[PDB]
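One chain comes next, on its own, written as structure tokens: the form deposited in one PDB entry.
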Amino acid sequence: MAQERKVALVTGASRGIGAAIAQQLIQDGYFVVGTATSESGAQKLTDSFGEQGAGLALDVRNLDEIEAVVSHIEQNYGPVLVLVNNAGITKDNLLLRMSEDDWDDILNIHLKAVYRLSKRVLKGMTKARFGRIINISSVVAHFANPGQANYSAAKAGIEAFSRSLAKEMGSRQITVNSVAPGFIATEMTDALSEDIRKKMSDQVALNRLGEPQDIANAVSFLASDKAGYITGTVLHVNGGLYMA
């Protein structure tokens, strides 16, 4: 029988923030397609989602794969009406040691992928007169961090792109927003020491690291009818690490 739920596409859905976002959108009643870089990673997503989603392998650096994935979704599940662009790969270095590849790969994975995927889903959202594009940004697009000139430039570019797109698509009722996580507990933070997690949490007004679910909760809100008059904004979810 036919897939009748609205379709959400969450890139980088294997773990942490992306995993929580995908699961929450399933809970919210979407049919969720999540992506992983590998086929075995995709198969794990398929396992996790069961009969209310699918896992697909996608290297977001490649236009042909983006186009193939979205076409596959359209042909099998439905038009992508919620797009969550989620990527957290970093290639950090002070600028004097930041290579051409450190730069290009991060700009491609983060910002170019947002451009390509957003462009690819617009026709479906225009036809529906409904759409949500939700970009996962970062506190470091706002708060300066040495060694991450590449990642910061990408995330800031994503927020500016989102403003531009929000203006272009707003008459059609499609909203385009970013969520900027702060210090969220991930495999990366789990790998740090307790002392270093304390040094982080002391900087957060709420005195703790966040959880992937806090980011999922923000995305869930923005993807819902409770957020239909919010567009071109950055929703900061950082426990008061960065306020203004």
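The first residue of the shown sequence is 1; numbering continues from there.
Per the compared records, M188 is unresolved in at least a third of the other entries whose models span it.
Figure legend: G34 is marked as modelled in all of the other comparable entries of the protein, none of which omit it, let alone a third.
With 113-121 and 126-134 compared on mean CA B-factor from the PDB entry, the stretch scoring higher is 126-134. Per-stretch averaging of Cα B factors for 157-165 and 86-94 places 86-94 on top. Residue-level temperature factors show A144 in the highest third of its chain, judged at the C-alpha atom. Per the PDB record, residue ranking by Cα B-factor puts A244 in the highest third of the chain. Ranked within its chain, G41 lands in the highest third, by CA B factor from the PDB record.
When the modelled residues of the chain are ordered by C-alpha B-factor, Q75 sits in the highest third. Compared with the other modelled residues of the chain, the Cα B-factor recorded for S152 ranks in the lowest third.
We do not show the form solved in complex with a small molecule, though everything after this point is about it.
This chain is drawn without the small molecule; in the entry with it bound, the residue among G124, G78, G88, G147 with a heavy atom within 4.5 Å of it is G88. The partner is absent here, but in the entry with it bound a heavy atom of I184, alone among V69, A218, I184, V176, sits within 4.5 Å of the small molecule. Among heavy atoms of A13, some come within 4.5 Å of the small molecule in the entry with it bound. For the chain shown alone, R132 is not a contact residue for the small molecule in the entry with it bound, no non-hydrogen atom being within 4.5 angstroms.
Although the partner is absent here, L58 is a contact residue: one of its heavy atoms lies within 4.5 angstroms of the small molecule in the entry with it bound. Residue contact with the small molecule in the entry with it bound: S118 places no heavy atom within 4.5 Å of it. Proximity to the small molecule in the entry with it bound holds for all of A36, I136 and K155, with the criterion being a heavy atom within 4.5 Å.
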